[PDB]
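Here the structure comes first, spelled out in structure tokens, and everything after it is commentary.
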Amino acid sequence: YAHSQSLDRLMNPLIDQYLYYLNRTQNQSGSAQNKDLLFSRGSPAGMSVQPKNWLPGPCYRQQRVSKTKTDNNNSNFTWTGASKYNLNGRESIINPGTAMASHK
Amino acid sequence: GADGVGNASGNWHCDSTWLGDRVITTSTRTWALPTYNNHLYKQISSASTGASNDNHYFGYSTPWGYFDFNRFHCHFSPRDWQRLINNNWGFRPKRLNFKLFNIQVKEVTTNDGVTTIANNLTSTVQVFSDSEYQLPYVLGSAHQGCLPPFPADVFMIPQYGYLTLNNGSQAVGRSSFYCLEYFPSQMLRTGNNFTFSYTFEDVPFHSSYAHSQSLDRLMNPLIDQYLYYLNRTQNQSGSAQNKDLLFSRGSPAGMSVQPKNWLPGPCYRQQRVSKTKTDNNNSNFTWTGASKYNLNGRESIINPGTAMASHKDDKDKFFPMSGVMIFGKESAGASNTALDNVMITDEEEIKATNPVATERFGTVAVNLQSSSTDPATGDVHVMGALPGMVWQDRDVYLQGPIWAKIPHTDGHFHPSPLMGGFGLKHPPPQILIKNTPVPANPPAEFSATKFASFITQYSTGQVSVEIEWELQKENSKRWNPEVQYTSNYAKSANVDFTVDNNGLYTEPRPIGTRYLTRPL
Amino acid sequence: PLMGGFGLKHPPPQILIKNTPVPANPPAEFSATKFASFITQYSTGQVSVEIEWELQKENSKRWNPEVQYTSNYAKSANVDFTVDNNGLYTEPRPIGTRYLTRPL
């Protein structure tokens, strides 16, 4: 199956949270810049900032590659700049690696 | 159950009863249900809004309201919460009992400012529970609209809406649209009532204790180890400096160097922030320099993050910028509001096993030392799971949430919801409610076009929730008294957790659970 | 009790009553702020109390008549403990209990 929801978009788009976070650390009074600590409560407007319960899957990053040759850096980096592991002196490329989305 | 119009379909059960290893909480509140979205499902998104790649969203809003009691103060009174906290090493939910009754459907006509409400007796309200978990679950997001902590407080029912898959402001093929009328639901007139029960799965006890030892200080202060370590790599013979390899056995003198059996909890570092504005770097770094995660192109701030101690030592003036629980304050506002109008939670008792959130986890060797190259040392700011690690989870608070639905995934790890509480594969289901549409007079000739003329109406009833909590009693051989949550004996203008002259219930501070002490 | 009567460790308990709050029509959009709009209403009913009193009868060997509470036989504008032309109930004087006589 495929999820019809995404981990970051799990809340109720219609309701605020009863939770707060530190929104501004510098207030705008026309005073150019002036310290301060300002908090706001979670809003549908600012989903990226609302407290949440879970984290996305583990990660071991991999080098990007384009299907159209043009986009790609010149040179032979298949081994040179590929993610790999070091077992008793010898390296082996992490091939299918940790399960990660292929392209955004 | 069901009996005429002039017959109450349920009583006011609001109580708590203590039974050795159990406690039963029972709450009743009066509620009010508006007719949402004028009976309509609406497509909603971030399109033609302020945008921001990290804030885009696609979803729908339903004509349906929903019940929410996922908050400890929905069940425990302050006094109770005190009892719970001061005497119990742990606790958890077992059984749940939900009753809905005394339904009253009012119709309101409003003619020239003169707005009058009457009883529509034959009108019906629909309710049903998502027992099969086929609706997007919103309860585990710390939203508003729970049962009021104060029993005498009437409340408004939250509107139900949900988010599906979005490619910024746009939906995809695999995006899901759910119609709540495509569920069987029970219809109620004024004399009817709805009831329902649930049993919690086996979740571990919330740890309402604090350790009276710390992971590093677990040995016998009086005795040497039979283990050795490399103490000096350069001897002092007055020869300035001269290689050498010197080993010593673990001693009480040098505890920081003794071999040990365990590691502190995982770590994902957060930026420090002072409560007194002065100490803070100038500039607006709340987003700019906040720890966050990157999910399909969009970033989201790791809010309550991995469970870490809030501030080291005495420095109670600091706190992780987005790594603690911040509560409203009744008089607090939307988005302005200063530190004086909020309450920040101090996760202090967990210092004994967990890394401090603002500081680093530790330090790692980063190169292969030798005669010709100096030994190097890197700082480690992010630390994943390690065989031998142990830790506590974030505490829970009287104004805090109780449980959250473990997402249905091919895999998860120590699924304690990150805001604190109980992680349930099958949580108390969502109870959906809704006023049934009552059409106004239609045309005297048939018309296929959608119906738009509705008699406007709302509803009121009582709701009762009863929960059975299993306690884990304390078995301490500690000789000295323990720390307890207490009220300040001294005189005062106001009494903690009461109403003021204007009759507004107010909660002084957040209260955690970890007062009693178990050894490690 | 110093004002006179029966001192009870567990007296007839307090009977608390109250009209149940009936909200007026709420906003067409959700609001977390405390609810303030109530349909104003009151209530009427009858109440009945029934009490069983144990008497301790008199066992007197006194020869001469006793003092009794009596109403004045003589003519009068008003009858003790009644209503007036305006329909107002009125209690002429206080009446204690101690009329019959027991020896010490």
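Protein chains in written order, with UniProt numbering: chain S, 425 to 528; chain R, 217 to 736; chain Y, 633 to 736.
Backbone N, C-alpha and C fix where the C-beta goes; we use that ideal spot for every residue, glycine too.
Check whether the Cβ atoms of residue i and residue j sit closer than 8 Å, and answer yes or no.
i, j, result
"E723 of chain R", "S472 of chain S", "no"
"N498 of chain R", "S424 of chain R", "no"
"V606 of chain R", "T729 of chain R", "no"
"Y353 of chain R", "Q646 of chain R", "yes"
"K528 of chain S", "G513 of chain R", "yes"
"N500 of chain R", "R448 of chain S", "yes"
"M635 of chain R", "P617 of chain R", "yes"
"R238 of chain R", "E546 of chain R", "no"
"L640 of chain R", "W619 of chain R", "yes"
"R610 of chain R", "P520 of chain R", "yes"
"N382 of chain R", "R433 of chain S", "yes"
"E686 of chain R", "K310 of chain R", "yes"
"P655 of chain Y", "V489 of chain R", "no"
"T593 of chain R", "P480 of chain R", "no"
"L404 of chain R", "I319 of chain R", "yes"
"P279 of chain R", "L256 of chain R", "yes"
"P623 of chain R", "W478 of chain S", "yes"
"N583 of chain R", "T574 of chain R", "no"
"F314 of chain R", "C362 of chain R", "no"
"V419 of chain R", "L337 of chain R", "no"
"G407 of chain R", "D219 of chain R", "yes"
"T380 of chain R", "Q429 of chain S", "yes"
"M524 of chain R", "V572 of chain R", "yes"
Whose C-beta lies closer than 8 Å to the C-beta of residue i among residues of the same chain, with five residues either side of it excluded?
i, result
"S293 of chain R", "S232"
"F629 of chain R", "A601"
"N253 of chain R", "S277, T278, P279, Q375"
"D712 of chain R", "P294, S703, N704, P724"
"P400 of chain R", "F344"
"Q700 of chain Y", "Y731"
"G637 of chain R", "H422, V612, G616, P617, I618, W619, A620"
To which residues of the same chain is residue i closer than 6 Å at the C-beta, ignoring the five residues directly before and after it?
i, result
"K621 of chain R", "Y353, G356, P643"
"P591 of chain R", "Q585"
"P250 of chain R", "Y674"
"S385 of chain R", "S261, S262, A263, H272"
"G604 of chain R", "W478, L479"
"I517 of chain R", "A506, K508, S538"
"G454 of chain S", "none"
Going by DSSP, name the residue or residues bridged to residue i.
i, result
"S467 of chain S", "Beta-bridge pairing links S467 of chain S to no other residue."
"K508 of chain S", "S:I517"
"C483 of chain R", "R:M599"
"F412 of chain R", "R:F314"
"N458 of chain R", "R:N451"
"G594 of chain R", "R:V580"
"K258 of chain R", "R:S277"
"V324 of chain R", "R:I333"
"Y445 of chain S", "S:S464"
"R308 of chain R", "R:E686"
"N382 of chain R", "R:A387"
"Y349 of chain R", "According to DSSP, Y349 of chain R bridges with nothing at all."
"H628 of chain R", "Paired residues: none, contrary to the question."
The beta strand (DSSP E) spanning residue i covers which residue range?
i, result
"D231 of chain R", "231-235"
"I373 of chain R", "Here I373 of chain R belongs to no beta strand (DSSP E), and DSSP marks it neither H nor E."
"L396 of chain R", "Segment: none, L396 of chain R is in no beta strand (DSSP E) and carries neither H nor E."
"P365 of chain R", "Per DSSP, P365 of chain R belongs to no beta strand (DSSP E) and is neither H nor E."
"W619 of chain R", "619-621"
"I683 of chain R", "673-689"
"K491 of chain S", "Element bounds for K491 of chain S: n/a, residue is neither H nor E."
"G639 of chain R", "638-640"
"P536 of chain R", "534-536"
Locate the alpha helix (DSSP H) running through residue i, then write down its first and last residues.
i, result
"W247 of chain R", "Where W247 of chain R is concerned, there is no enclosing alpha helix (DSSP H), although the beta strand (DSSP E) it sits in stretches over 238-249."
"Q402 of chain R", "Careful: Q402 of chain R lies outside any alpha helix (DSSP H), inside the beta strand (DSSP E) at 402-404."
"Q298 of chain R", "294-303"
Grab me the residues of residue i's own chain with a C-beta within less than 7 Å of its C-beta, minus the 5 sequence neighbours each way, in chain order.
i, result
"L351 of chain R", "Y394, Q646"
"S526 of chain R", "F535, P536, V540, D562, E563, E564, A573"
**Q.** Cβ contact (3+ pairs, closer than 8 Å) linking the segment 541-556 of chain R and the segment 450-467 of chain S
**A.** yes
Q) With contact counted as at least three CB pairs below 8 Å, one residue from each stretch, are the segment 338-351 of chain R and the segment 257-267 of chain R in contact? A) no
Q) Counting Cβ pairs, one atom from each stretch, are 3 or more of them under 8 Å apart for the segment 432-446 of chain R and the segment 405-424 of chain R? A) no
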